Amino acid sequence: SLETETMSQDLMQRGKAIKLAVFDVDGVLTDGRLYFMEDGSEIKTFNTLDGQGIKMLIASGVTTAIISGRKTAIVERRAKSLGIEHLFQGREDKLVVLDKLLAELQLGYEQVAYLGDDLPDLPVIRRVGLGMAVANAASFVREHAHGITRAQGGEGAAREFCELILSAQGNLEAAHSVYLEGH
Amino acid sequence: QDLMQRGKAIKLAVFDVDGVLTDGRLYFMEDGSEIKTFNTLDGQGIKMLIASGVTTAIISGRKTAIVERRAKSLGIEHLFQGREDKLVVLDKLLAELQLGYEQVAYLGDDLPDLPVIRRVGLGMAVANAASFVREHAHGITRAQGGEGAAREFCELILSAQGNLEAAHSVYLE
Amino acid sequence: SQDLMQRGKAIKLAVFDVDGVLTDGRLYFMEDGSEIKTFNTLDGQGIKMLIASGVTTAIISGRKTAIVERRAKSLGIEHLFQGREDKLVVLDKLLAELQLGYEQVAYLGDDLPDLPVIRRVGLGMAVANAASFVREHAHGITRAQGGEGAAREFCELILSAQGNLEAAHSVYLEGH
Amino acid sequence: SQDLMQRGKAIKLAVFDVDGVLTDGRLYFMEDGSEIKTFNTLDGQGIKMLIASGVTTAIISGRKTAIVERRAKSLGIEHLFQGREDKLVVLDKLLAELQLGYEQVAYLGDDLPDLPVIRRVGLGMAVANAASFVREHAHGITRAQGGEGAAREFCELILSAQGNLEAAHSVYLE
Ligand SMILES: [Cl-]
Ligand SMILES: [Cl-]
Ligand SMILES: [Cl-]
Ligand SMILES: [Cl-]
């Protein structure tokens with residue numbers, strides 16, 4: 001993309017050490033809309049481009065996680081399908097959850113990328129190696145992030161984030177060559 | 001700045017539902033049951049406004065259990081549905097809270113919101129409100145309804161009252 | 001513009017297609033085959049105001065669903081025809097019954113099946129994202145897209161043409 | 001473009017991906033796992049007119065749902081292949097059966113699994129919001145986004161290339 005080709009020196013550098021990529025759900029994997037039916041059940045919407053991006057990222061050896069303040073079986077099903085290894089729902093204390101996971105995984109903050117959209121993501125965004133916000137994240141989150149995606153949440157922002165990491169790590173060309181003969 | 005001045009005095013913030021907390025779309029299934037959409041940025045904003053001590057209400061000409069549940073999840077204190085005459089509802093609530101019109105902010109989107117918008121301290125329209133409503137409002141949000149308009153309104157009041165910094169500090173330690 | 005205002009004066013019947021005009025043109029299907037449809041609140045208010053001014057309303061759609069019957073009833077739309085591809089035939093029958101001529105009809109459409117009606121009526125308009133061929137042959141095009149207040153815009157155009165919008169707005173300047 | 005008009009002349013089979021082409025790329029899931037999908041009215045009309053002009057149609061999707069089976073039947077799409085991410089393998093088998101060649105195929109895609117087909121066929125096109133790498137390597141890109149009339153635009157490009165759009169429009173001006 002033009003985003004991976006014009007990726008800043010800073011984001012390219014920050015992408016090098018990444019071993020773990022973490023996503024919030026609402027506003028990142030979705031457009032931030034919450035659909036409710038009369039019985040109180042929810043409908044959730046995700047984006048076709050993001051699944052492909054996450055799959056390519058995982059294939060490159062980067063493990064993935066979701067930390068969400070909300071909880072629904074829709075997300076559990078979505079994550080399992082994609083191959084996301086670590087899912088934490090119903091947690092607004094995102095930093096507490098992250099710390100426990102990094103201790104288990106033996107990783108430092110610099111080895112973590114995170115893509116968020118609102119205030120509860122901020123304590124994590126400020127501390128990780130690659131802390132990014134989607135294009136329509138709360139402006140206060142955008143101002144304190146290392147980078148912002150061109151795409152909006154739920155419209156390929158996760159895909160863009162995945163490709164930034166792949167590109168930073170020298171792995172995007174190989175991922176593309178699976179699909180383009182003589183690339 | 002007129003809007004910031006209007007915001008200082010606010011003690012009650014009032015929202016319409018369809019077109020303000022939602023994008024104005026009404027979803028119906030074949031048996032007539034409804035689906036409605038809200039926005040996560042809005043929820044965070046309303047929670048922060050409420051935590052600052054500004055109380056909140058909804059007044060809507062429609063009625064659905066969907067809205068009752070959403071209001072409770074957000075901690076919206078006062079909910080009135082199925083009400084055509086919004087000024088009548090507001091007047092009664094104001095007597096209960098011992099407030100006047102100047103201490104009320106309202107975020108609306110169509111004609112039945114206008115009798116209220118014109119009379120309160122901070123009467124605002126969403127970006128895609130009916131043009132006649134926008135014409136008569138004190139201000140118009142950049143955001144469309146259901147797309148963070150309510151978040152923007154909440155932050156306007158928080159900021160007018162010197163409370164946005166403290167809301168934000170919770171996340172910056 | 002001044003031509004649309006002129007064409008609006010004579011209107012006694014306003015007719016809508018459903019999908020792409022009162023909706024954004026998305027068709028929602030569930031696994032079990034049933035549908036979901038989305039309408040817009042600004043449009044509802046518009047249609048109610050147009051009806052109150054004395055202009056009757058109708059829907060002619062090629063699709064058929066009980067969702068549309070319910071919506072039409074909620075809004076006070078008097079004449080409803082679904083599952084009808086031959087829109088000009090439907091309209092001609094209705095016009096003979098209401099004793100109205102083409103010049104007294106306004107129609108808001110979005111695709112080719114609407115074109116024969118759009119070309120014959122007094123105020124034949126297309127929504128902003130109607131098929132371009134339809135937009136090219138309509139008397140006018142709404143600024144709003146289908147399902148996003150295009151019907152409201154169309155209703156306000158007719159109310160305005162007849163000098164009735166001012167009064168409809170006036171109610172909402174007063175208190176109770 | 002005159003290049004696209006040229007490529008469109010020989011088309012006898014037009015093939016679509018589903019998600020992101022016939023839809024805006026949103027995947028709706030209810031708590032019980034059942035899905036909802038949205039199609040576009042303008043697209044349905046376009047596909048019906050294409051089929052009427054003599055061009056057969058097909059869908060090849062890496063996902064799989066009865067929703068797509070019903071939508072395909074409603075539009076008269078003859079050849080439907082779901083749950084297939086090896087798209088050239090599917091297409092090769094279909095062409096052998098129909099006795100058609102790559103030069104007679106148009107394909108409208110949105111993401112990487114579509115790219116091998118897009119590169120092989122006579123008219124490989126991407127939707128406006130296709131993955132940028134796919135857009136860069138297609139013959140052409142629709143002005144319209146997926147699920148917002150891109151399929152209609154693609155249908156009309158073929159109809160026009162084959163001198164058939166006027167005649168389709170006529171039914172509506174008599
Ligand atoms: Cl996916
Ligand atoms: Cl929320
Ligand atoms: Cl309505
Ligand atoms: Cl259709």
# chains A, B, ... in the order shown; residues from 1 in each chain; ligands from 1

call {"tool": "residues_around", "arguments": {"residues": "region 143-155 of chain D", "least_positions_apart": "5", "cutoff": "8 Å", "atoms": "only C-alpha atoms", "output": "ChimeraX atom specification"}}
result
/D:20-25,38-40,42-47,49-50,108,110,127-130

call {"tool": "residues_around", "arguments": {"residues": "region 134-151 of chain C", "least_positions_apart": "2", "cutoff": "9 Å", "atoms": "only C-alpha atoms", "output": "JSON, numbers by chain"}}
result
{"B": [24, 25, 130], "C": [1, 3, 4, 16, 19, 20, 21, 22, 23, 24, 25, 38, 39, 40, 41, 42, 43, 44, 46, 47, 108, 109, 110, 111, 112, 114, 115, 118, 119, 122, 123, 124, 125, 126, 127, 128, 129, 130, 131, 132, 153, 154, 155, 156]}

call {"tool": "select_by_dssp", "arguments": {"residues": "region 13-55 of chain D", "states": "strand (DSSP E or B)", "output": "list in words"}}
result
residues 13, 14, 15, 16, 26, 27, 28, 29, 30, 35, 36, 37, 38, 39 and 40 of chain D

call {"tool": "residues_near_ligand", "arguments": {"ligand": "ligand 1", "cutoff": "9 Å", "atoms": "only C-alpha atoms and all ligand atoms", "output": "list in words"}}
result
residues 46, 47, 48, 49, 50, 51, 52, 53, 54, 55, 78, 81 and 82 of chain A; 27 and 63 of chain D

call {"tool": "write_last_selection", "arguments": {"atoms": "N, CA and C atoms", "output": "PDB file, in the first residue's frame"}}
result
ATOM      1  N   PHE A  46     -18.033  -7.360  11.568  1.00  0.00           N
ATOM      2  CA  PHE A  46     -16.602  -7.327  11.413  1.00  0.00           C
ATOM      3  C   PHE A  46     -16.363  -7.090   9.949  1.00  0.00           C
ATOM      4  N   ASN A  47     -15.099  -7.095   9.565  1.00  0.00           N
ATOM      5  CA  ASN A  47     -14.735  -6.741   8.202  1.00  0.00           C
ATOM      6  C   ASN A  47     -13.900  -7.840   7.566  1.00  0.00           C
ATOM      7  N   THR A  48     -14.256  -8.165   6.334  1.00  0.00           N
ATOM      8  CA  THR A  48     -13.616  -9.204   5.550  1.00  0.00           C
ATOM      9  C   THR A  48     -12.087  -8.985   5.357  1.00  0.00           C
ATOM     10  N   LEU A  49     -11.680  -7.749   5.166  1.00  0.00           N
ATOM     11  CA  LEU A  49     -10.264  -7.461   4.945  1.00  0.00           C
ATOM     12  C   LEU A  49      -9.424  -7.757   6.183  1.00  0.00           C
ATOM     13  N   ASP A  50     -10.001  -7.541   7.356  1.00  0.00           N
ATOM     14  CA  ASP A  50      -9.224  -7.731   8.588  1.00  0.00           C
ATOM     15  C   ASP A  50      -8.853  -9.182   8.856  1.00  0.00           C
ATOM     16  N   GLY A  51      -9.747 -10.133   8.575  1.00  0.00           N
ATOM     17  CA  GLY A  51      -9.458 -11.540   8.812  1.00  0.00           C
ATOM     18  C   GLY A  51      -8.248 -12.026   8.035  1.00  0.00           C
ATOM     19  N   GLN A  52      -8.210 -11.655   6.756  1.00  0.00           N
ATOM     20  CA  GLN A  52      -7.078 -11.937   5.892  1.00  0.00           C
ATOM     21  C   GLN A  52      -5.772 -11.333   6.447  1.00  0.00           C
ATOM     22  N   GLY A  53      -5.830 -10.099   6.962  1.00  0.00           N
ATOM     23  CA  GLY A  53      -4.641  -9.413   7.522  1.00  0.00           C
ATOM     24  C   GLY A  53      -4.131 -10.149   8.757  1.00  0.00           C
ATOM     25  N   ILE A  54      -5.053 -10.507   9.642  1.00  0.00           N
ATOM     26  CA  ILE A  54      -4.683 -11.208  10.889  1.00  0.00           C
ATOM     27  C   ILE A  54      -4.083 -12.579  10.594  1.00  0.00           C
ATOM     28  N   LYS A  55      -4.696 -13.285   9.652  1.00  0.00           N
ATOM     29  CA  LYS A  55      -4.166 -14.570   9.229  1.00  0.00           C
ATOM     30  C   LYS A  55      -2.750 -14.449   8.688  1.00  0.00           C
ATOM     31  N   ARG A  78     -15.563 -15.346  16.817  1.00  0.00           N
ATOM     32  CA  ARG A  78     -14.732 -14.650  15.827  1.00  0.00           C
ATOM     33  C   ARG A  78     -13.219 -14.923  16.045  1.00  0.00           C
ATOM     34  N   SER A  81     -11.978 -18.514  15.157  1.00  0.00           N
ATOM     35  CA  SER A  81     -11.914 -18.703  13.705  1.00  0.00           C
ATOM     36  C   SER A  81     -10.618 -18.137  13.130  1.00  0.00           C
ATOM     37  N   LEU A  82     -10.305 -16.903  13.515  1.00  0.00           N
ATOM     38  CA  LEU A  82      -9.116 -16.210  13.023  1.00  0.00           C
ATOM     39  C   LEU A  82      -7.783 -16.826  13.477  1.00  0.00           C
TER      40      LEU A  82
ATOM     41  N   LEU D  27     -19.384  -8.327   7.877  1.00  0.00           N
ATOM     42  CA  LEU D  27     -19.871  -9.658   8.223  1.00  0.00           C
ATOM     43  C   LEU D  27     -20.675  -9.518   9.506  1.00  0.00           C
ATOM     44  N   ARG D  63     -15.852 -18.056   1.495  1.00  0.00           N
ATOM     45  CA  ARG D  63     -16.781 -18.321   2.593  1.00  0.00           C
ATOM     46  C   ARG D  63     -17.958 -19.136   2.097  1.00  0.00           C
TER      47      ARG D  63
END

call {"tool": "residues_around", "arguments": {"residues": "residue 66 (chain D)", "least_positions_apart": "6", "cutoff": "12 Å", "atoms": "only C-alpha atoms", "output": "ChimeraX atom specification"}}
result
/C:29-34 /D:34-37,72-73,80-83

call {"tool": "write_last_selection", "arguments": {"atoms": "C-alpha atoms", "output": "PDB file, in the first residue's frame"}}
result
ATOM      1  CA  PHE C  29     -31.046 -11.386   4.529  1.00  0.00           C
ATOM      2  CA  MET C  30     -30.846 -13.777   7.419  1.00  0.00           C
ATOM      3  CA  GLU C  31     -29.864 -17.452   7.163  1.00  0.00           C
ATOM      4  CA  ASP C  32     -33.469 -18.602   7.523  1.00  0.00           C
ATOM      5  CA  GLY C  33     -34.324 -16.485   4.461  1.00  0.00           C
ATOM      6  CA  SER C  34     -36.194 -13.695   6.231  1.00  0.00           C
TER       7      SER C  34
ATOM      8  CA  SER D  34     -26.124 -17.190  12.488  1.00  0.00           C
ATOM      9  CA  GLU D  35     -25.165 -14.585   9.901  1.00  0.00           C
ATOM     10  CA  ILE D  36     -26.839 -11.685   8.112  1.00  0.00           C
ATOM     11  CA  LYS D  37     -25.594 -10.364   4.794  1.00  0.00           C
ATOM     12  CA  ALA D  72     -27.591 -16.327  -6.409  1.00  0.00           C
ATOM     13  CA  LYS D  73     -30.768 -18.213  -7.377  1.00  0.00           C
ATOM     14  CA  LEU D  80     -22.008 -20.919  -7.496  1.00  0.00           C
ATOM     15  CA  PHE D  81     -18.909 -22.131  -5.699  1.00  0.00           C
ATOM     16  CA  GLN D  82     -18.527 -21.445  -2.001  1.00  0.00           C
ATOM     17  CA  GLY D  83     -15.955 -22.385   0.620  1.00  0.00           C
TER      18      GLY D  83
END

call {"tool": "residues_near_ligand", "arguments": {"ligand": "ligand 2", "cutoff": "10 Å", "atoms": "only C-alpha atoms and all ligand atoms", "output": "PyMOL selection string"}}
result
(chain A and resi 26+32-34+69-70) or (chain B and resi 38-47+70+73-74)

call {"tool": "atom_distance", "arguments": {"atom1": "CA of residue 122 (chain B)", "atom2": "CA of residue 136 (chain B)"}}
result
11.7 Å

call {"tool": "interface_residues", "arguments": {"of": "chain B", "to": "chain C", "cutoff": "6 Å", "atoms": "only C-alpha atoms", "output": "list in words"}}
result
residues 24, 25, 26, 27, 28, 29, 30, 114 and 115 of chain B

call {"tool": "write_last_selection", "arguments": {"atoms": "C-alpha atoms", "output": "PDB file, in the first residue's frame"}}
result
ATOM      1  CA  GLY B  24     -31.513   7.645  12.390  1.00  0.00           C
ATOM      2  CA  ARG B  25     -32.018   4.244  10.810  1.00  0.00           C
ATOM      3  CA  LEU B  26     -34.969   2.160  12.010  1.00  0.00           C
ATOM      4  CA  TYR B  27     -34.360  -1.575  11.498  1.00  0.00           C
ATOM      5  CA  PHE B  28     -37.427  -3.840  11.355  1.00  0.00           C
ATOM      6  CA  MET B  29     -37.723  -7.592  11.041  1.00  0.00           C
ATOM      7  CA  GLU B  30     -40.645  -9.274   9.282  1.00  0.00           C
ATOM      8  CA  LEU B 114     -37.006  22.373  18.401  1.00  0.00           C
ATOM      9  CA  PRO B 115     -39.438  23.737  21.062  1.00  0.00           C
TER      10      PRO B 115
END

call {"tool": "residues_around", "arguments": {"residues": "residue 102 (chain A)", "least_positions_apart": "6", "cutoff": "10 Å", "atoms": "only C-alpha atoms", "output": "list in words"}}
result
residues 20, 108, 109, 111 and 112 of chain A

call {"tool": "write_last_selection", "arguments": {"atoms": "C-alpha atoms", "output": "JSON list (two decimals), in the first residue's frame"}}
result
[["chain", "number", "residue", "atom", "x", "y", "z"],
["A", 20, "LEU", "CA", 2.62, -9.91, 19.98],
["A", 108, "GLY", "CA", 8.60, -6.85, 27.27],
["A", 109, "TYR", "CA", 6.41, -3.89, 26.24],
["A", 111, "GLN", "CA", 7.74, -6.40, 21.78],
["A", 112, "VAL", "CA", 4.05, -5.52, 21.77]]
